[PDB]
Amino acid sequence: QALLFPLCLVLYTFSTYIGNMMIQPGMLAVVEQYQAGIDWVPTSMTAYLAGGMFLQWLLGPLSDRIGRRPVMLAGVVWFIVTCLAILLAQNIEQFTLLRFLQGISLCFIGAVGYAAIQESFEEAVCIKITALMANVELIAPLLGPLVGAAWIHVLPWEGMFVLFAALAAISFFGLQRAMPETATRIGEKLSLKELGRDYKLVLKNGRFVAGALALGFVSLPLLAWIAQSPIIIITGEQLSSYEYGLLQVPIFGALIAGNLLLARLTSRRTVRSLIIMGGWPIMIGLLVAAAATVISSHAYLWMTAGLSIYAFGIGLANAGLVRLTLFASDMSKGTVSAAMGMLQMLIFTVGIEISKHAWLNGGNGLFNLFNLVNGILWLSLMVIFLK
C-alpha cells in the first residue's frame, strides 16, 4: 500500500548528495560574491563531509531507543533549516560553518534511514531498495557538476540551496505518512559509556581497521577531484564550464562502468580476486596522472585519463572491500558500519585539505603525486589485509 517510504528516503539521499555535488562548481560564484580566495572552494566539501562523520556513531543506537521516525524526520528538517540558513551567511567563514551543519544530515541516511529499511522489508525487497540507493550515489557526482555549472550560468547560487530544501521538504512529507516505526529498543537506556566501549573494541581489531583505512585512502583521489576540479580546470587551466563539465564524464562514467563489470563478474569471482583485479587500473591510473603532470604541469587530459582508469578500478574493487571490511569484525553491523564510515571520512576530510595545499603550492603535479601515495597506502594495506 505504501512504497512512498523507500522512495522518499531515496529522494532525501539524492538531495544531500547534490547538496555536495551541485555546490562544488557553484563555489566559484560563492567565493566571487564574498570576495574570498579560491582556497575556500575545496573546504566547502571538507566541512560538508566533516559534518557527515559528526553524529554517525550516535544516531543508530539513539534511533533504536527513541524511534526511527522522530530521529529521521528531525534530520530532514535540520537539512531544510541549514540549507535555508546559508543564504544569510555574511562571509565565507559563516558559509563554511553552515556547510558543516548541513553535512550532519548525511549521518541520518545510513544509521537510521537504512536501518529502518532493513527492519521493514523482506531480505529480497531490501536488496532492490539498496540497489536504487547505490545507483543514486553513482549518478549524483556525474549529474551534480553538470547541473551545478549550468545553474550558476543563469541563476544565483542561493537558488541551489532553495532547490535542496524544496526537494527535502517533499521528501519530509512522504516520510511523515509512509515511514513505519521499527526501532526495537524503544524505552531502553542509552549509555554513552557502553557505546564508547563498543567503539574502543572495534578499533582494536587490526584487520578491520586496515580495510577501513584502505577504503578511505583509495577513494581519496576521487573525492579530491570532486573538491578541486573547479579550481583546477576553470581558474587553474583557464578553461570554461563546458570543459569542466565534460572532463567529469569519462571519470564518473568509468566509475559506473567499473561497478557494472563488478555486477557481471561477481558470480565467477571471489571478492578477493576482484580487489586484486581493481588494483591494476587503480595503480596504473594514479601512476599515469602523476607521471604525466610531473612531466608537464598542464597535461590535464592525461590527468583526466589517469583518473578515469583509476575510477574504473574503484568501481570494480570498492564494494568487495566494503564487504570484507564489514565481515572482518564480528560486532553489530550498526557499530561496524559507523566505524568504517568515520574512519574513511577522517581520511577524506584531512586528505582534501592536504590535496588543496598540494595543488596551491605545486600545481597539478603535486595534486596527482599526493593521489598516488594514497593508492600506494591502499595497496600496502591490501598486501596485509588479503591472505
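Sequential numbering from 1, following the sequence displayed.
**Study point:** 211 to 219 versus 136 to 144 - which carries the larger mean C-alpha B factor in the record
**Key:** Taking the mean B-factor of the alpha carbons in each, 136 to 144 is higher.
Point to revise | Stretch with the higher entry mean CA B-factor, where the candidates are 329 to 337 and 38 to 46 | key: Taking the mean C-alpha B-factor of 329 to 337 and of 38 to 46, the larger value falls to 329 to 337.
Practice item. Could you check 318, 355, 56, 361 and tell me which one carries the biggest Cα B-factor in the deposited entry? Key: Comparing C-alpha B-factors across 318, 355, 56, 361, the maximum falls on 56.
Review point. Among 275, 283, 126, 233, where is the Cα temperature factor highest, going by the PDB entry?
Key: In the PDB entry, the greatest C-alpha B-factor among 275, 283, 126, 233 is found at 126.
**Study point:** Assigned third (lowest, middle, highest) for the C-alpha B factor of residue 344
**Key:** Its C-alpha B-factor, which the entry lists for residue 344, ranks in the middle third among residues of this chain.
Check your understanding: Mind checking which third residue 83 falls in for C-alpha B-factor across the chain?
Key -> It falls in the middle third of the chain.
Practice item. Classify residue 351 as lowest, middle or highest third according to the C-alpha B-factor given in the PDB entry, relative to its own chain. Key: Answer is lowest: the recorded C-alpha B-factor places it there.
Practice item. Could you look up the Cα B-factor of residue 66 in the entry and say which third of the chain it sits in: lowest, middle or highest? Key: CA B-factor rank for residue 66: highest third.
Practice item. Please rank the C-alpha B-factors of the chain's modelled residues and tell me whether residue 196 sits in the lowest, middle or highest third. Key: Highest third.
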